[PDB]
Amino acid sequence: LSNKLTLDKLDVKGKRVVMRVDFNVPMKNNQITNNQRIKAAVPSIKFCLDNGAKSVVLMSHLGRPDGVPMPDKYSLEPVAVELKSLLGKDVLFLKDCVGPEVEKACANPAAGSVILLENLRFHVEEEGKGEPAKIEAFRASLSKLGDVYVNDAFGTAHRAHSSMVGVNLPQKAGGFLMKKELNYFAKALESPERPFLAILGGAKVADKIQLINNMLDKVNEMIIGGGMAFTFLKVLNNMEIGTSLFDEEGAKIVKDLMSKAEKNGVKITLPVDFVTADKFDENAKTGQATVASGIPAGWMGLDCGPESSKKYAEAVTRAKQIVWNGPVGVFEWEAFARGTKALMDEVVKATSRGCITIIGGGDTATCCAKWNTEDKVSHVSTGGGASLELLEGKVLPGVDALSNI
């Protein structure tokens, strides 16, 4: 961020600060299961208050409500409660993020006010699909809520969304989390230790399958696991995949990706066996399958099996550096957690013998919280997709939109 305004050089005295954060925290049974992302923003928030900010107005998305209000399902209200405990200051939660009422609440607040707005993605203008003059008006409304802007939303920095690139204030500064994460990656990605392994799992198949092409120019091995694998196996192996996650568009590039991996000498490790489920539920009936057997119709692969874990372990053993985004099964549910646990065990062991190990993402970092490995790997990032986009070698839109020095 040498070329960008950052918070250390932003005069906040008597200024209202409007701050984009990534508070897209994981939730199970209605409760926050990991406050990592909230804690991570506290240094920037406290710095603003300690240096005389009139207010700090915090804004984030939560999940993918796709531009419809879904307060029953994706409200940020529970955040606002957690943030109080972590800050040691109270926080006022607003039930919207624009409108005349939000604008009044933020126009002239009492000294030291911390305000959290409701989920930005309840409005289609944030993404904005899920409307050009309404996008302008949305961006204009957010811009009224502060005198200066800070973006600390590392985990969202890959998204050219209204709150991330569209705020129109004179000073647009990178926050301390943005800086810490970008600095860590700049150093780790400059001359990676090799073999450099990427582990790509998770559930955001449509988006993340599109990152593989450029990642194949940077890494020496790739594990393609979790929900990502089934698109590959359907195409390459003619495997029956049942109701497992599948991306029609990404299927069309699978063979080209494998051709490129071969051209670039990148070893691809796909799973060979699975724990299956009869529905997407923690208490689903379960089974087992191999690539050869296929997955029965109406069943989904929600974890890898033991032979896959062995192949993943082999790749981790060869690695001198690892970047991991996306669990290799639905680790939130114990029936489907073994593959991710086993991989975590391997990644911790790799770290202990000198491997540089980087785990990132809202959900993947929660694997570290669950199994108490946050201090047993080299770096746990609040960015997952954002970190993969750095790995590709791109400038992130949320960084690009900051003020130049």
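The numbering used is simple: start at 1 and walk along the sequence shown. For clarity, a rigid core is taken as the largest C-alpha set superposing within 1.5 Å between two forms.
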Revision key, fill the gap. Between 22 to 30 and 376 to 384, the one drifting more in C-alpha RMS in 5 other deposited structures of this protein once the core is aligned is 376 to 384
Check your understanding: Is 108 to 116 or 233 to 241 the stretch whose C-alphas end up farther from this model in 5 other deposited structures of this protein after a rigid core fit?
Key -> 233 to 241
Practice item. Can you count, per the entry, how many deposited residues between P195 and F196 come without coordinates? Answer none, 1 to 3, 4 to 9, or 10 or more. Key: none
Practice item. Can you let me know which of the two, 23 to 31 or 57 to 65, has the higher average C-alpha B-factor in the entry? Key: 23 to 31
Point to revise | Average Cα temperature factor in the PDB entry - higher stretch of 85 to 93, 262 to 270 | key: 85 to 93
Revision key, fill the gap. Based on the PDB entry, the highest CA temperature factor among the options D303, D256, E221, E314 is that of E314
Review point. Per the PDB entry, which option out of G242, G155, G130, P327 has the greatest Cα B factor?
Key: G130
Point to revise | Among modelled residues of the same chain, the CA temperature factor third for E118 | key: middle
Check your understanding: Based on the entry's values, in what third of the chain does the Cα temperature factor of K180 lie: lowest, middle or highest?
Key -> lowest
Check your understanding: Where does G385 sit by CA temperature factor within its chain: lowest, middle or highest third?
Key -> middle
Review point. C-alpha B factor of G287, ranked within the chain: lowest, middle or highest third?
Key: lowest
Point to revise | Third of chain Cα B-factors occupied by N108 | key: highest
